[PDB]
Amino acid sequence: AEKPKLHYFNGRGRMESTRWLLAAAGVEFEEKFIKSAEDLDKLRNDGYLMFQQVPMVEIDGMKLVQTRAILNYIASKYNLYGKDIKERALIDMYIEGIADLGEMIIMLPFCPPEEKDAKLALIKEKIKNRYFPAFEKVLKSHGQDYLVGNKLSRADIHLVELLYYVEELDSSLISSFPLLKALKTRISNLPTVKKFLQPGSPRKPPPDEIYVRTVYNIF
């Protein structure tokens, strides 16, 4: 077949987790960047977008929208979705906690300027008091190098992706969390991810002033 093709803005938002997972699985993909309202509306009007939204990924002859469906397909295709129904329960429960947190980080650059610090202090507090404790607790309990099933899954992938973003927000958050740190290093050391973490990869930077109003100059 073809390379998976990613339709999105040139930036992180809702496509980034997929860029990570495909690169983490060692899958070359191509990107067709949505640069204007007109790129979006051509996709909408050509019938590529079931709910009129992106992300969309053309992969194995399907036009897949919705981040979770995109990810679930990719996870399952490349065996990063565990080996049984109980591992997937654990994995889903984990990655849904991550996606809740991660959702707040995606929306942060869109709330009104005057609300930004409030939300950031809220996020930070949720990191320190809810999400990091929960994930440390998981690694602490079983002692293993991976979150689930003692081998690599999408949950380690999505978790570390998020540890990077949290490092960007404030780097003292992971400090009381030894095992989160350790996980970040080990997974960052995997050939596929190491590669994706180097300069020139399809990995995207934080949202900046350009990307933010670009995104508005559509909605």
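In this text, residue numbers run from 1 along the sequence as written.
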Averaging C-alpha B-factors over each stretch, which comes out higher, 89 to 97 or 75 to 83? 75 to 83
Taking the recorded C-alpha temperature factors, which stretch has the higher mean, 99 to 107 or 116 to 124? 116 to 124
Member of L49, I70, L169, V160 with the greatest C-alpha B factor (per the PDB record): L169
By the record's CA B-factor, is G61 among the lowest, middle or highest third of residues in the chain? highest
Compared with the other modelled residues in the chain, in which third is the CA B-factor of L22? lowest
Among the modelled residues of its chain, does the C-alpha B-factor of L173 lie in the lowest, middle or highest third? highest
Compared with the other modelled residues in the chain, in which third is the CA B-factor of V193? lowest
Should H7 be placed in the lowest, middle or highest third of its chain by the C-alpha B factor in the entry? lowest
